[PDB]
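*Asks:*
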Amino acid sequence: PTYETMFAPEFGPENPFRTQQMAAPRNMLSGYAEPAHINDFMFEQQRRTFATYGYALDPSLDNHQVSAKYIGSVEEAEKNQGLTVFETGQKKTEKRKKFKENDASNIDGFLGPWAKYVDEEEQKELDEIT
Amino acid sequence: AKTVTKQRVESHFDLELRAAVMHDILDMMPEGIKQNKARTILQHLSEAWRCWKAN
Amino acid sequence: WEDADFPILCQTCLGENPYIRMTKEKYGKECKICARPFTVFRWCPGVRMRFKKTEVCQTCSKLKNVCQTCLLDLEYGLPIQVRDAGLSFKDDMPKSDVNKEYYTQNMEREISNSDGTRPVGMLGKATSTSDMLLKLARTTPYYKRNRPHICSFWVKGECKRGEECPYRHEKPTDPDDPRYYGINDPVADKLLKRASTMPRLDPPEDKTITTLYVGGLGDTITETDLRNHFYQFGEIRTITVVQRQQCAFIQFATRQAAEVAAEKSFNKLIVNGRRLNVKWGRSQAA
Amino acid sequence: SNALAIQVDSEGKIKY
Amino acid sequence: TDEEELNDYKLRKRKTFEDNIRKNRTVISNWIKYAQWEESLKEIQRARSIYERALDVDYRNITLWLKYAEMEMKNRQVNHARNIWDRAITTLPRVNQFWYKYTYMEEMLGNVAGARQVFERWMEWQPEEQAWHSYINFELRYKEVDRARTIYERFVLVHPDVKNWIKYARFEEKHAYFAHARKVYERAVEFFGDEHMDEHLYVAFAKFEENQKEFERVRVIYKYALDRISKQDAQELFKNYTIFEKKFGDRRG
Amino acid sequence: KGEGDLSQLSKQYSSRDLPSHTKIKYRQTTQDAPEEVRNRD
RNA sequence: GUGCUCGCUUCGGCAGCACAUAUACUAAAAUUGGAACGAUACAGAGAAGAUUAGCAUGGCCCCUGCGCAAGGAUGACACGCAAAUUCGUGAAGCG
RNA sequence: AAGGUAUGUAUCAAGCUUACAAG
Ligand SMILES: [Mg+2]
Ligand SMILES: [Mg+2]
Ligand SMILES: [Zn+2]
Ligand SMILES: [Zn+2]
Ligand SMILES: [Zn+2]
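So this is what it looks like as structure tokens:
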């Protein structure tokens, strides 16, 4: 196999008779679906990074042929300067103090991890809808 | 499908005998337009058997 | 009766995460049209969102080029009869239980076993598109599709879960405006929305505006392009290509054909890849 | 279209 | 409730006919009577469906094909009737009626090279006499010197009938074709029955050459007589040969 | 892709379809095994 | 949250380590289509006289049964299409 | 255990079924 064979472009006016979606490559009726063998842990880490903080690195192979950015909402990534969820962060801010009873001696007073937190007109419309 | 147990032995021999004589007359008659007035060779067959039992 | 490997799934149903984890059964639920046992898939789109499993089989999605769970067009993100009226052909399918129903689904599956790539009959008329549907193809979709549906016991004010009620609260739905072809309730309002856009007012005279200030020629429109796009309309009385402003001036004899040009070009005549510039001419000896 | 697609080979007679 | 009784009539007859076809899927009387019952409704896209799924059960009967095609041809849907005639004749080649009715349909339309193409496809399967001289009759009724010449030399290779040998001698009796008509007589004289003649070729060849002058007419009945059949002829015609040669010439004293 | 009832569509594990005689006797060497047929007169 | 390490200077403040993303989310439903049985009223009962044993065949009809038994009124449901014989019409071809 | 107290229709709920797609 040679690079010049597969990298050779296609002659033509690109056939703009079709729509954008039907001219686009596929194997499955919705996009070219193909297997993969990513590391489990870094998949889960950057997944949880996006799921919490709304940014992650982008997965690709041949989008621009160079892709090294972040995605989602961009500016909050550099607000935290690219930290993760498994890191003891630079500050301990907006924490929320629970009250603990971990003796197992008092009864109806022991709340271990089950501790409920220290924090603890529409019905006219609801009756007229029902 | 269902086997041929002892209660449908006699009701299966007639079935396969008249299937065999059906696609024997279907492949034996020449290129005439009608085959057997849709059933009549079979009527002659059963009449032949009734005349056999009655001699 | 049916296995699968990966679902159809328009983009608004996947959610905002490029990294989603999704689970599959082997014969899951049934299709909600044809009762066929597909392979139900489930995932989490977003962190404030319900799971949105999988609603119809791969066969009943390949019939009408429809996504897998929200039942919208895979090319646009539009309902079904919007597409079929906007392509003026229905691609019929029966209504009853057997009467030609599972018969035609079975046979159209049997003649879809080869490709698995494109819809069965829509492939010929999904090319001649992008004129009447592209004006309403809402990209950057709203994710209110994925939000979890409204709980009871906030409706009755009883919900002991407090904050951790996963579903929603304080969204009382309204009992005035909420299958597969027709008829669907918000679609009538959406076709009234497309039939009743915001044009320029039609001025009180008798069709004197046969001239029009169409411009933004740049280097895209040429003289023979616009006068052969108007020659199918009909005959000119005077053309010019005034290139100081990159504009073109055409009229019609007895206006009517150029009338549909006024209907074709309210920032709408898209040839040569440009949103053309249109405002109203004189027709006033000025 | 409504009708089929008509095919004849490059050299010979009408293909059916 | 006229709509109710009308749709009741239609639904009861449809339910009757669907149960009748569902009982016996082999006797095709049910499909043709049900399909022409919907044809009596005079505006249909479902009697097409009844025939087009009525040949899934038995495509090998001619009655269903010719009745569906005469239905589609009875109405103005000409393109569909042609579009099922071609699959009828490619599916069932050896039945003559489909070729005949499809040629006849295109005769009632224009005489386009479509019709000639239908005919030459019909020639290609090597049929009997009945079809071949029907196609030469088609070429004569559009007055073709060229094309009835073209399609009738490929004739004789397959039917060497003496009735057809003497009617490849036809450019004489329509065009007179002088030198190449004599060549047609050469082609007649050299082939089979070299010493046995099939006792009939030279009767008609003598009739034309007696209709011709005394060019070379003495030879074939009397002096090319090596090729006899035990008496050169029966008793029925040799005195008739003599008075056949007597009184149609220069008559020298 | 969705076969008949024997494949996946039924749990009817009928008797007479129970793994009987689940190995095949091949004709061994003292009988007319096909290696001793490839040359015999 | 936790526990451990003075690890960096106050037991307190901090730093590091170990631990790493559950849930057909509901107690609901504005909910949903509602078929079976029972009631109601009809229809009513194979084989050319009457009473009748049955066993089959066909599939878009099922029930009971562990059923490649068996029974469900022979489980039900199964009907007038004559064809070729006379004659009219029309076509193709020939003399 | 079946083999006997028939089955076949037309209106009227719980049993069972998803708690979904949705401007
Ligand atoms: Mg029975
Ligand atoms: Mg029984
Ligand atoms: Zn489906
Ligand atoms: Zn969707
Ligand atoms: Zn709640």
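Residue numbers (PDB author numbering), protein chains in the order written: chain E, 83 to 202, 211 to 220; chain A, 669 to 723; chain P, 15 to 192, 201 to 308; chain C, 83 to 98; chain O, 215 to 467; chain R, 18 to 58.
Every residue gets a Cβ at the ideal spot worked out from N, C-alpha and C, and that includes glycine.
#1: CB-CB under 6 Å to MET146(P), same chain, minus the five flanking residues each way: which ones, in chain order?
#2: Between the alpha carbons of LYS214(E) and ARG159(P), how many angstroms are there, rounded?
#3: Just the chain O side, please: which residues come within less than 7 Å of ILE96(C) by C-beta, in chain order?
#4: Quick one: grab the DSSP three-state call for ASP58(R).
#5: Interface residues of chain C around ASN297(O) at Cβ under 8 Å?
#6: Taking Cβ-Cβ distances shorter than 9 Å, what residues in chain C pair up with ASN289(O)?
#7: Mapping DSSP to helix, strand and coil, what is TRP339(O)?
#8: In whole angstroms, what separates the C-alpha of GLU93(C) from that of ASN351(O)?
#9: Are the region 131 to 139 of chain E and the region 152 to 160 of chain E in contact at 8 Å, needing three or more beta carbon pairs?
#10: Any residue with its C-beta under 7 Å from a non-hydrogen atom of ligand 5 counts. Can you list them all in chain order?
#11: Heavy atom of ligand 3 less than 7 Å from the Cβ of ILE47(P), yes or no?
#12: Name the chain P residues whose beta carbon is nearer than 9 Å to that of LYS18(R)?
#13: Assuming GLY237(P) is part of the beta strand (DSSP E), what are its boundary residues?
#14: Below 8 Å on the Cβ atoms is my guess for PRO21(P) versus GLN82(P); work out the distance and round it to an integer in Å.
#15: Under 8 Å between the Cβ atoms of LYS76(P) and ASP105(P)?
#16: Establish whether the CB of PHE132(E) and some CB of chain P are separated by less than 8 Å.
#17: Flag this pair as yes or no: are the beta carbons of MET104(E) and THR233(P) separated by less than 8 Å?
#18: Could you name the residues that DSSP lists as bridge partners for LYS38(P)?
#19: If you draw a straight line from the C-alpha of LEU143(E) to the C-alpha of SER112(E), how long is it?
#20: Tell me the rounded alpha-carbon separation between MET107(P) and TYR41(P).
#21: Helix, strand or coil: which one does DSSP assign to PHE271(P)?
#22: What would DSSP say about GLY154(E), mapped onto helix, strand or coil?
#23: Closer than 9 Å by beta-carbon distance: list the chain P residues that pair up with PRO141(E), in chain order.
#24: Considering only their Cβ atoms, is the gap separating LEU269(O) from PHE312(O) smaller than 8 Å?
#25: What distance in whole Å lies between the Cβ atoms of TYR181(P) and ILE205(P), which are believed to be in contact at a cut-off of 8 Å?
#26: To the nearest angstrom, report how far apart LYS43(P) and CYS179(P) are at their CA atoms.
#27: Here's the rule: buried if 16 or more other CB atoms are within 10 angstroms of the residue's CB, otherwise exposed. What is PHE392(O)?
#28: Ligand 4 heavy atoms versus the CB of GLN82(P): any closer than 7 Å?
#29: Give me the subset of the region 62 to 94 of chain P whose CB atoms are less than 7 Å from a CB atom of chain E, sorted by chain position.
#30: For chain C, check one thing: does any of its Cβ atoms lie closer than 8 Å to the Cβ of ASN275(O)?
#31: List the residues of chain C whose Cβ lies closer than 8 Å to the Cβ of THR304(O), in chain order.
#32: Mind checking whether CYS269(P) and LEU239(P) have CB atoms under 8 Å apart?
#33: Using the beta-carbon of each residue, which ones in chain E are nearer than 8 Å to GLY171(P)?
#34: When the cut-off is 8 Å and only beta carbons count, does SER149(E) lie next to chain P?
#35: Does the beta-carbon of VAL282(P) have 16 or more other beta-carbons within 10 angstroms, so that it is buried, or is it exposed?
*Replies:* From the atom records:
#1: Numbered from its first residue, the third sequence carries residue 146(P) at position 132. Cβ within range, chain order: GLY100.
#2: Indexing the first sequence from 1 puts residue 214(E) at position 124. Indexing the third sequence from 1 puts residue 159(P) at position 145. Computed Cα separation, rounded: 28 Å.
#3: As a working mapping, residue 96(C) is identified with position 14 in the fourth sequence. Correct list: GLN331.
#4: Here residue 58(R) corresponds to residue number 41 of the sixth sequence, with the count starting at 1. The answer is coil: DSSP assigns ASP58(R) none of H, G, I, E or B.
#5: The count along the fifth sequence starts at 1 and reaches residue 297(O) at position 83. Simply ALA85 and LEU86.
#6: Counting from 1 along the fifth sequence, the entry for residue 289(O) is found at position 75. Within chain C, no residue comes near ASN289(O); the closest Cβ sits about 15 Å away, beyond 9 Å.
#7: Within the fifth sequence, residue 339(O) is the residue found at index 125, counting from 1. Three-state result, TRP339(O): coil.
#8: Locating residue 93(C) in the fourth sequence gives position 11, where the first residue counts as 1. Locating residue 351(O) in the fifth sequence gives position 137, where the first residue counts as 1. Going by the C-alpha atoms only, they are around 30 Å apart.
#9: yes
#10: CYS165(P), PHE167(P), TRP168(P), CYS173(P), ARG175(P), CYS179(P), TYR181(P) and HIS183(P)
#11: For the purposes of this step, residue 47(P) is taken as residue 33 along the third sequence, with counting starting at 1. Within the cutoff, so yes.
#12: Position 1 of the sixth sequence, counted from the first residue, corresponds to residue 18(R). Those are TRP15, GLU16, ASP17, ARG123 and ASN127, listed as they occur along chain P.
#13: Stepping through the third sequence from its first residue, residue 237(P) is reached at position 215. 235 to 237 is the extent of the beta strand (DSSP E) around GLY237(P).
#14: One-based indexing of the third sequence puts residue 21(P) at position 7. One-based indexing of the third sequence puts residue 82(P) at position 68. At roughly 4 Å, the Cβ-Cβ gap stays under 8 Å, so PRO21(P) and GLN82(P) are in contact.
#15: Within the third sequence, residue 76(P) is the residue found at index 62, counting from 1. Within the third sequence, residue 105(P) is the residue found at index 91, counting from 1. Not a contact, by the Cβ cut-off of 8 Å.
#16: Locating residue 132(E) in the first sequence gives position 50, counting from the first residue. Closer than 8 Å to some Cβ of chain P, the Cβ of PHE132(E) qualifies, so yes.
#17: Here residue 104(E) refers to the residue found at position 22 of the first sequence. Here residue 233(P) refers to the residue found at position 211 of the third sequence. No; because the gap between Cβ atoms is not below 8 Å, this pair is not in contact.
#18: Locating residue 38(P) in the third sequence gives position 24, where the first residue counts as 1. For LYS38(P), which the question treats as bridged, DSSP gives the partners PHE55(P).
#19: Taking the first sequence and counting its residues from 1, one reaches residue 143(E) at position 61. Taking the first sequence and counting its residues from 1, one reaches residue 112(E) at position 30. Each residue's Cα considered, the two are about 18 Å apart.
#20: What you label residue 107(P) is simply residue 93 of the third sequence in a count that begins at 1. What you label residue 41(P) is simply residue 27 of the third sequence in a count that begins at 1. Between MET107(P) and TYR41(P), the C-alpha separation is close to 24 Å.
#21: As a position in the third sequence, residue 271(P) is number 249, starting the count at 1. Three-state DSSP puts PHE271(P) in a strand.
#22: The count along the first sequence starts at 1 and reaches residue 154(E) at position 72. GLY154(E): strand per DSSP, three-state reduction.
#23: Here residue 141(E) corresponds to residue number 59 of the first sequence, with the count starting at 1. Within 9 Å Cβ-Cβ: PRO32 and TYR33.
#24: Translated into positions along the fifth sequence, residue 312(O) becomes position 98. Translated into positions along the fifth sequence, residue 269(O) becomes position 55. No, Cβ-Cβ distance for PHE312(O) and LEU269(O) is not below 8 Å.
#25: The residue labelled residue 205(P) in the question sits at position 183 within the third sequence. The residue labelled residue 181(P) in the question sits at position 167 within the third sequence. That belief does not hold up - the Cβ atoms of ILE205(P) and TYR181(P) are roughly 29 Å apart, past 8 Å.
#26: Position 29 of the third sequence, counting from 1, holds the residue named residue 43(P). Position 165 of the third sequence, counting from 1, holds the residue named residue 179(P). C-alpha separation (whole angstroms): 26 Å.
#27: Position 178 of the fifth sequence, counting from 1, holds the residue named residue 392(O). By the neighbour-count rule (16 or more Cβ atoms within 10 Å), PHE392(O) is not buried but exposed.
#28: Walking along the third sequence from the start, residue 82(P) turns up at place 68. Checking every heavy atom of ligand 4 against the Cβ of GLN82(P), one is found closer than 7 Å.
#29: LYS76, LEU88 and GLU89
#30: As a first step, residue 275(O) is located in the fifth sequence; it is residue number 61 there, counting from the start. No, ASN275(O) lies away from the interface with chain C (no Cβ there is under 8 Å from its Cβ).
#31: Within the fifth sequence, numbered from 1, the residue matching residue 304(O) stands at position 90. Ordered by position in chain C, the residues that pass the 8 Å Cβ test against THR304(O) are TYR98.
#32: To locate residue 269(P), count along the third sequence from 1; it is residue 247. To locate residue 239(P), count along the third sequence from 1; it is residue 217. Closer than 8 Å, so yes.
#33: Walking along the third sequence from the start, residue 171(P) turns up at place 157. Under the 8 Å cutoff, chain E gives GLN213 and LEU216.
#34: As a first step, residue 149(E) is located in the first sequence; it is residue number 67 there, counting from the start. No - not a single Cβ of chain P is within 8 Å of the one on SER149(E).
#35: Your numbering for residue 282(P) matches position 260 in the third sequence. Per the 10 Å Cβ criterion, exposed.
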